[PDB]
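A quick write-up on the structure given underneath.
Methodologically, a virtual Cβ is constructed for each residue, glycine included, from the backbone with ideal geometry; neighbour enumeration extends over all protein chains shown. Values quoted throughout were computed directly from the atomic coordinates according to the rules given, and no laboratory measurement underlies them.
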Amino acid sequence: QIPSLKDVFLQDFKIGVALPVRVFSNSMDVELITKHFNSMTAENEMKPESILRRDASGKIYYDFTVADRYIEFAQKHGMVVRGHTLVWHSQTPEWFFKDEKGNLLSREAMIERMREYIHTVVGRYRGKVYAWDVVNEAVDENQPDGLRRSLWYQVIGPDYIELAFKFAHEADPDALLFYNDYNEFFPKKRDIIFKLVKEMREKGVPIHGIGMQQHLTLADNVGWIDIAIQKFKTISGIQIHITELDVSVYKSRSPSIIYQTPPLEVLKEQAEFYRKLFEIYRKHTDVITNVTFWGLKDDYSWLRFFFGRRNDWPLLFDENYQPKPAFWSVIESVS
Ligand SMILES: CC(C)S[C@@H]1O[C@H](CO)[C@H](O)[C@H](O)[C@H]1O
């Protein structure tokens, strides 16, 4: 009786959702997912720590038993899958960078290990995962060259980023390959992301897209987001995914006032925020091809634990699967 997000935005972009694997065995979760969403991302289940294993000998192997369930579900329900994520400083075991003695691998050995990892994971889902977050959160504006000094940088060096895209494109030449990041509309970081992607495109690196995480709060300036999309879309041939959208009801990551239940005025402010945001996304529909929310409904949000245990209401559906004020405001950005 309520409209379907994916149908409302059919001519604009895929409408996606980040999901933990438990939802596939929950009839009420499956009802809400299959009504509204034509794209899905594994919230954790396709990250390196979720796939990498070592046997009693210390030999690396791959466990796809959980990740496989996403492709099985997507195929059953006619959904596309964003693969998240191949190369990241987070949720990647420190032992992946080391030999049996706990010493750092050589650059040569770690390039080979990255190649095997990306070939194995992207190869397994070739033609079934239409888009990959190949590299996640590689930018640090505090560094002289703008690049985060992670183990990837320390063990391979600054070409690890372009190599990851090379290897992913080898494993699945039809996949759309994304560089994904947060705080992507803050000016200094925006300019580093722009320069990184533009320079990789100019030297023929197979990068097809920029993933804008859009982990927002009610304190964020939506004008800055419009300006960031305007800057990124000047890179010829690049498309944009909104990969991890949510809107915290708080105005910082460390609020001193925490809500038990959200004031109605806060939910209305959130509806106004989401409306202005979707007006900007529709304005840039020529470059945005997927808008994915980082969770199905408010009580599943990472924002209830990542910055400290607290209630937050960051999404379009409440704890009882009901549309929020923001659901209607988002729908009204079209209607
Ligand atoms: C899917 C999310 C966990 S990505 C998220 O972006 C955050 C910024 O708000 C932090 O940078 C976290 O490191 C990162 O995991």
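See the values below:
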item: Proxy reagent accessibility, fewest Cβ within 10 Å first, across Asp68, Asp55; result: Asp55, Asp68
item: Low-density loop cleavage sites - chymotrypsin sites (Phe, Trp or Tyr not before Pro) in the stretch 121-175, where at most 13 other Cβ are within 10 Å (DSSP); result: none
item: Too-long pairs where the Cα-Cα distance tops 29 Å, listed order kept, from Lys276/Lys297; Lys128/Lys166; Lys101/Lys188; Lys98/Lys128; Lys189/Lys283; result: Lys101/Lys188; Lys98/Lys128
item: Distance (nanometres) between label positions extended 7 Å along Cα→Cβ at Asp99 and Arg54; result: 1.3 nm
item: Charge context of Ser252, other residues only, Cβ under 14 angstrom, K/R +1, D/E -1; result: +1
item: In the stretch 169-205, trypsin sites (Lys or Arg not before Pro) in a DSSP loop with at most 10 other beta-carbon atoms within 10 Å; result: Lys203
item: Gain upon complete extension [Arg310, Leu10; 0.36 nm per residue less C-alpha separation]; result: 104.5 nm
item: Most positive-pole-ward Cα, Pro323, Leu163, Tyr259, against dipole of the chain from beta carbon charges; result: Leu163
item: Local electrostatic count at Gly146 - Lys and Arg +1, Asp and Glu -1, tallied over other residues with Cβ under 10 Å; result: 0
item: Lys/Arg +1, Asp/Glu -1 at C-beta; the stretch 113-269 dipole; positive extreme among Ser248, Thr120, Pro187; result: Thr120
item: Estimated FRET transfer efficiency (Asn44, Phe24; beta-carbon r; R0 22 Å; 0.05); result: 0.95
item: Charged-residue dipole, Cβ positions (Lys, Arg, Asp, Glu), the chain about Cα centre, Debye nearest 20; result: 160 debye
item: Residues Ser252, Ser57, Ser150, sorted so that the one with the fewest Cβ neighbours within 10 Å comes first; result: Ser57, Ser252, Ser150
item: Bridge type composition, the chain - antiparallel percent by DSSP, nearest 5; result: 15 percent
item: Filtered trypsin sites (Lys or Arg not before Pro), the stretch 290-327: DSSP coil and at most 12 other beta carbons within 10 Å; result: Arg309
item: 12 Å beta-carbon shell around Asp286, net charge (K/R +1, D/E -1); result: +2
item: Surface/4 of the Cα convex hull for the chain, nm²; result: 17.5 nm²
item: Reachable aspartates and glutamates, given that their alpha-carbon falls under 18 Å from the alpha-carbon of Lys251 and they are not under 8 places away in the same chain; result: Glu184, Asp220, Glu265, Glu269, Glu272, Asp298, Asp312
item: Over the chain: helical MRE at 222 nm, DSSP H runs n ≥ 4 each giving -39500 (n - 2.57), nearest 500; result: -10500 deg cm²/dmol
